[PDB]
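Undergrad: this one is an experimental structure. Sequence first:
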Amino acid sequence: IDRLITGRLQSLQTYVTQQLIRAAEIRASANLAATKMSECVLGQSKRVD
Amino acid sequence: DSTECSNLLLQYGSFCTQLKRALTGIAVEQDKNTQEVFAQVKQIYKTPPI
Amino acid sequence: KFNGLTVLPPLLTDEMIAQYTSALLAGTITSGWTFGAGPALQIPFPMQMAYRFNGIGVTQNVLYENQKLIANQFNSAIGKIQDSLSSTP
Amino acid sequence: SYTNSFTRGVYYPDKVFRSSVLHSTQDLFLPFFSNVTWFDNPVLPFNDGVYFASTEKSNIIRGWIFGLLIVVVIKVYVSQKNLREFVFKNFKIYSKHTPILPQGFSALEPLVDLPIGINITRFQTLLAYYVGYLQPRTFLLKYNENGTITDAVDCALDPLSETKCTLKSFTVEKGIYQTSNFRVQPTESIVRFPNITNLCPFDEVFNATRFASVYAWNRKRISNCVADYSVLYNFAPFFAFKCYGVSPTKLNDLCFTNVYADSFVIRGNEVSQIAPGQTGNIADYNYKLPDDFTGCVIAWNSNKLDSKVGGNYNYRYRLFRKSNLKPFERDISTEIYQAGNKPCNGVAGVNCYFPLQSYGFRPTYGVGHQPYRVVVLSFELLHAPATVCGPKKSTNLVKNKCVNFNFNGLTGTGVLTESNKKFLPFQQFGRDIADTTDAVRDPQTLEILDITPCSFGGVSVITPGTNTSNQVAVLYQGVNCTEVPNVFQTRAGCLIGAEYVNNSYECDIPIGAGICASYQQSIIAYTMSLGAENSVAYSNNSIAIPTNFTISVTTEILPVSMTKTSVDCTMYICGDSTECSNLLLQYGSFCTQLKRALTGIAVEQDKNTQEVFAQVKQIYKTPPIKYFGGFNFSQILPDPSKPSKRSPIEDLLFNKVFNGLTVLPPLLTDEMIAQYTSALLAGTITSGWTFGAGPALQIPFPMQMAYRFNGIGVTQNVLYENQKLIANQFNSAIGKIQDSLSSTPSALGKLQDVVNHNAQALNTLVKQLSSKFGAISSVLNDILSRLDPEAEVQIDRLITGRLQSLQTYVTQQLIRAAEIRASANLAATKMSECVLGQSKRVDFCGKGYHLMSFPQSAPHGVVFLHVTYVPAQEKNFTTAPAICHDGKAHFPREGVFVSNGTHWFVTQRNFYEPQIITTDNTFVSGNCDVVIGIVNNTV
Amino acid sequence: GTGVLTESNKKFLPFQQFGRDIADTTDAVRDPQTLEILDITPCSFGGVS
Amino acid sequence: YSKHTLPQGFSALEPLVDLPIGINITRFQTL
Ligand SMILES: *[C@@H]1O[C@H](CO)[C@@H](O)[C@H](O)[C@H]1NC(C)=O
């Protein structure tokens, strides 16, 4: 039974670790959409591209 | 569906709590992420009838 | 649903996420840059645009003098967006 | 009678002196607020432990008799207003005596402990007395400085009590917490097997008009058939029924590949001979069973059915055989036997004999000589799949209720329900994507029934705050309200304890799916309000221009660094043990890589700190006389008496925020981080944008602003014309920030979060040391002491678990450092584009039009005070895009045409400064006809 | 254990033989002969650069 | 397994019968 638990606990840790890395990519895009909402939607940007 | 497995699992202890706190933080951020993108408005404005 | 795996619902409903976009879209049409830096102050939309041309180096004479053409090129451009997406790239 | 025990029955759990700590112990304790019989001395039970107590004034109760006797002796071993409380667990005798069941907390000191060595189940008091029963519970216990258990919380008594144990505190802040999980429990157990009988033909062998004679004992092979052995057992009149191979009741559930039913008729005396390893005439020459034979032998009298008055002479037995017969072997030969020489032919004689002499059967013959037909079932197993496998009776299917279900070999627990799926005739079970059984066909009725998971989910407790109230509301996430055992249903789940209110407000504790909760004397739930509606007066010709404004100081806290930690993996994984260190070296690479990753995190923390603060080149200083146009920076500039140059706002921010494991100090001291801030502040005050772009030039502060006004589209005249109003609006705004950050919100939440996250991670790391990981014990010394080669394997188990604990820590710190690098990267961009220049990025450096910003050093980050210009006091006017004079459009070089009803004026956009229209402010470009909205005026 | 024994200001209750800090590490022992609390502190360890 | 319908078509064969012979067979013949 312990062997199954060690594998299952590792699989949950790999999922949680991967979701934290994926959450950081979405946090960066949410942060750019928040900057784009303020400087494109709420004002005209002079930044290029 | 196994009480026998559950008794053995408690020996690790911190593993289940750490996973739930980590997943709970991801969940709260997902809500903060959508309130920074779209709650940039203090009041709900409406377009005119014509 | 699953072996312990649940999907917790988003706090902001798709209708609430869609009235935020509508207010963001009506403060912009009615006032302009104004609703983000203080109380939202009204200006006619052809006028908000004349200020946005003045702010990219072109001058105000160009929008009033080409208002219908800029408005029609603008309307036609908005139409293709749905068609390109519906056709699907 | 019955009484309620109020927080009574707590005892010191062990002899450890723990000081000023809240420690959670899982042990047998009296459930808080339980039932306590009251008194009179009947004998009572001792199921586990008893909280006997005896309120008394005259010492009338003098002993407890347990079966041990205590009266002063404790024999079984002999030893040396009232409220005598005595917990007993088997036989520790924790006890306390207090002068006054009363409502108070009195932990029981373990005054007496005894090595009795016996089992006690009952007891009596030798003579008010109250008896309560101890039950396994988890309790969080609060020790004071003197090591005494002042207070405790039971984690099953209430939803709040579980929340307090989860947070390991006696105080809970307002919010939704996931205390535990909810599971519906199976109501019953259903076993089902196929309806088809597949009846074996035992009927045609056990009873038939005629039976086989012993010499040709008949054998019938029985297979591919279910059989009910108990049908033979129920009558129970058999002379024998002895089952040598296995128990008679046990036969039905067993599976055997083939059962061989051999039937013969033998006289009563010889029924005993047909047994494994039995020797006699009919068990030697004819049918013989081996020592290893497995089967059940059944026999019954038959004087009427078989015997006849004339004399039945049609059964015949083998009385002379030359050679003994091997087990389960039959010989049908009539070959004359003849022990002896003189060749006897096929014709019998002096020693030659028919080897098949005759049984004579008659009715008058006494029991033991009358015919007793017998069967010798011989169940057997072969490597091929067994067929002869009797089925269980089965139980009626229960539908729509969670049940434990076993069908044709498939075991699962679920709610059985009707299914519209049509399985192909061969198909039995159905399986969804992810390989889970999701359908089944009942073996007896051949109909498709779905299998659905029993309700399960999360229990989250909505608390207004222990300080505000002890009332709580519970959300069962993803459960229909019908299955939970006022009550409301949301897409989040079923909410109990909160009543829905139609009126809408701002969110307090988010519940989910659009619905929030709060505390009114009660707890109300509602649809969150995104905000108050505000239709703008959109129109073809109408403008709004701001006639006055506000100077607003706003505060943003951005983290810039995290704690530099260093771990000695040998001290953490092993620690003062020579043998463990050798085993750790076997992997070798892990320790250096863990140390290298942690060194990289630490060096980055210094770069993160010096990319934000070290933006100035020389240490700028402020002038002796601080008159800056009336602007008062005393709140921002350094004060010498304070804990360094720490300013008064910096002083408030600073006040408001092992074993293997170290902390390395930051290279830049808090005093240097304050000197860097002072130089960044000193140049901005007496130079402006200049210090960042080259040599730091000088302009007076009233003249640095008026050039920060020009950036936001406001003419210079506004600051020079209205200097003192702006200076006081600025001084008051700076004054409120000390008060607003003073305690109004969790301002320094972002910086305190970083301290909290790091501490919780180190605490998990130290606690993970306690986990066994499946070895005999966590302590290395004990594993080494208990075992001799055997110990090395168990130590290896701990090293693997502890290395995984350290590996998880470094991986999490690398992910945490990435967020601090991103915060340090934005903090560095805010220093350059705000402190060292004025940003035109919208809502980058303050909400409003940026005028300036000031850096303040908080403990592990920076706080920026962003001065911004907010327009105010709007008035509405009429706007025409161009004013037509002399047939020429006259748009204005900078300004918006506006009208006070009759007169027409050009105005600055963000301030109402009306001016008459003349060619200097107006540019002519075109003809009157093309423009739409042109008005007629003189310029 | 290996450690440094020092005089203690802690007042152990009469039945309490040992003391533990947060993290459950023995921090104090009441000496058996004189019934007086003697603290335990680990000997010096640190990084060398 | 068997089916009744060489054509270029796909027809999976349902399990007609399973026999508990328990003996190895390495040769086939037809009548
Ligand atoms: C024969 O045996 C079967 C099984 O015990 C029993 O049910 C049945 O009644 C018997 N029939 C006769 C004719 O003895």
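TA: Noted; the coordinates are in hand. Residues are numbered from 1 along each chain as shown, chains lettered A, B, ... in the order given.
Undergrad: the helix or strand containing residue A:35 and chain C in contact?
TA: Element membership for residue A:35, per DSSP states H and E: helix A:2-36. No: using Cβ under 8 Å from any Cβ of the partner chain, we find that helix A:2-36 stays clear of chain C, coming within 9.5 Å at best. To be clear about C-beta, it is placed using only N, CA and C from the backbone, and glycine gets the same treatment.
Undergrad: does that helix reach chain D?
TA: Yes: Helix A:2-36 reaches chain D (Cβ under 8 Å from any Cβ) through A:2, A:13, A:17, A:20, A:21, A:24, A:27, A:28, A:35.
Undergrad: what's the angle between that helix and helix B:14-37?
TA: 20 degrees (axes from the mean of the first three to the mean of the last three Cα atoms, to 10 degrees).
Undergrad: helix A:2-36: which residues count as buried?
TA: A:5, A:9, A:13, A:16, A:20, A:23, A:27, A:30, A:33, A:34, A:35 (16 or more other Cβ atoms under 10 Å in any protein chain shown).
Undergrad: residues in contact with stretch C:53-65: which ones?
TA: A:44, A:46, C:46, C:49-51, C:70, D:881-882, D:889, D:891, D:923, D:925-926, D:930-933 (Cβ atoms under 8 Å, 6 or more residues apart in numbering or on different chains).
Undergrad: follow-up on the earlier one: what is the nearest of the buried residues of helix A:2-36 to chain D?
TA: residue A:20 (5.3 Å; Cβ to the nearest Cβ).
Undergrad: report the contact partners of that closest one.
TA: Here residue A:20 is in contact with B:22, B:26, D:812, D:815 (Cβ under 8 Å, 6+ apart).
Undergrad: tell me the contacts of residue 2?
TA: By default, I'm working from chain A. Residue A:2 neighbours (Cβ under 8 Å, 6+ apart): B:8, D:774.
Undergrad: actually, chain C is the one I wanted.
TA: residue D:434.
Undergrad: ok, it to residue C:66 distance?
TA: Per Cβ to Cβ, to the nearest Å, residue C:2 is found 59 Å from residue C:66.
Undergrad: tell me where chain C has strands.
TA: With DSSP state E as the definition, chain C shows no strands.
Undergrad: what's the longest helix in it?
TA: With secondary structure taken from DSSP state H, chain C has its longest helix at helix C:67-87.
Undergrad: what does it contact?
TA: C:46, C:49, C:63, D:932.
Undergrad: out of those, flag the one nearest to chain E.
TA: Once Cβ to the nearest Cβ is applied, the member of the contacts of helix C:67-87 that ends up nearest chain E is residue C:49, at 63.6 Å.
Undergrad: who's in contact with that closest one?
TA: For residue C:49, the contacting residues are C:63, C:70, by Cβ under 8 Å, 6+ apart.
Undergrad: now with 6 Å?
TA: By Cβ atoms under 6 Å, 6 or more residues apart in numbering or on different chains, the contact set of residue C:49 is residue C:63.
Undergrad: nearest to chain C: which residue in chain A?
TA: Closest point on chain A to chain C, by Cβ to the nearest Cβ, is residue A:42, at 3.4 Å.
Undergrad: how much space separates whichever residue of chain A sits closest to the ligand from chain D?
TA: Closest residue of chain A to the ligand, Cβ to the nearest ligand atom: residue A:1 (45.5 Å). The gap separating residue A:1 from chain D is 10 Å, by Cβ to the nearest Cβ, to the nearest Å.
Undergrad: what does residue C:8 give?
TA: Counting by Cβ to the nearest Cβ, the separation of residue C:8 from chain D is 7 Å.
Undergrad: now swap in residue C:11 and tell me
TA: Separation of residue C:11 from chain D (Cβ to the nearest Cβ): 5 Å.
Undergrad: contacting residues for residue 33?
TA: Unless you meant another one, I'm taking chain A. residue B:37.
Undergrad: that's the other chain; I wanted chain C
TA: residue A:43.
Undergrad: and it, what are its phi and psi?
TA: Per-residue torsions, residue C:33: phi -70, psi -20 (degrees, to the nearest 10).
Undergrad: returning to what we had before: give me the neighbour count for the residue of chain A closest to the ligand.
TA: 10 (other Cβ atoms under 10 Å in any protein chain shown).
Undergrad: got it, and residue C:39?
TA: Residue C:39: 17 neighbours (other Cβ under 10 Å).
Undergrad: identify the residues contacting it.
TA: residue D:874.
Undergrad: could you do residue A:31 as well?
TA: Taking Cβ under 6 Å, 6+ apart, one finds nothing in contact with residue A:31.
Undergrad: what do you get for residue C:48?
TA: residue C:32.
Undergrad: and if we set it to 8 Å?
TA: C:31, C:32.
Undergrad: how close does it sit to residue D:331?
TA: 116 Å.
Undergrad: now the spatially most central residue of chain A: closest residue in space that isn't a chain neighbour?
TA: Nearest residue to the geometric centre of chain A (Cα atoms, centre = their mean): residue A:23, 2.2 Å. Spatial nearest neighbour of residue A:23, chain neighbours left out: residue B:26 (4.7 Å); criterion: Cβ to Cβ, 6 or more residues apart in numbering or on different chains.
Undergrad: and residue C:20, by the same measure?
TA: The nearest residue in space to residue C:20 (Cβ to Cβ, 6+ apart) is residue B:38, at 3.9 Å.
Undergrad: what are the phi and psi values at that neighbour?
TA: The phi/psi pair for residue B:38 (degrees, to the nearest 10) is phi -110, psi -20.
Undergrad: just to revisit the earlier point, okay, the contacts of helix C:67-87 in JSON lines with distance to residue C:34 next?
TA: As requested, these are exported to JSON lines (distance: Cβ to Cβ, whole Å):
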{"residue": "C:46", "distance to residue C:34": "16"}
{"residue": "C:49", "distance to residue C:34": "14"}
{"residue": "C:63", "distance to residue C:34": "19"}
{"residue": "D:932", "distance to residue C:34": "23"}
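Undergrad: helices - which of those land there?
TA: Per DSSP H, the contacts of helix C:67-87 map to helices at C:46, C:49, C:63.
Undergrad: list just the nearest of those to chain D.
TA: Nearest member of the ones in helices among the contacts of helix C:67-87 to chain D, counting by Cβ to the nearest Cβ, is residue C:46, at 6.7 Å.
Undergrad: what's near enough to touch the most centrally placed residue in chain C?
TA: Against the mean C-alpha coordinate of chain C, by Cα atoms, centre = their mean, the closest residue is residue C:25 at 5.0 Å. By Cβ under 8 Å, 6+ apart, residue C:25 lies in contact with residue B:47.
Undergrad: how close does the residue in chain A that chain F sits nearest to sit to chain D?
TA: Of all residues in chain A, residue A:4 sits closest to chain F, at 31.9 Å by Cβ to the nearest Cβ. Using Cβ to the nearest Cβ, residue A:4 is found at 12 Å from chain D.
Undergrad: gap between that residue and residue B:10?
TA: 16 Å.
Undergrad: cool, and residue C:52?
TA: Look at residue C:52 and residue B:10: by Cβ to Cβ, they are 64 Å apart.
Undergrad: repeat for residue A:5
TA: Residue A:5 is 11 Å from residue B:10, by Cβ to Cβ.
Undergrad: could you do residue C:38 as well?
TA: The gap separating residue C:38 from residue B:10 is 58 Å, by Cβ to Cβ.
Undergrad: also residue C:34?
TA: Taken as Cβ to Cβ, the span from residue C:34 to residue B:10 is 60 Å.
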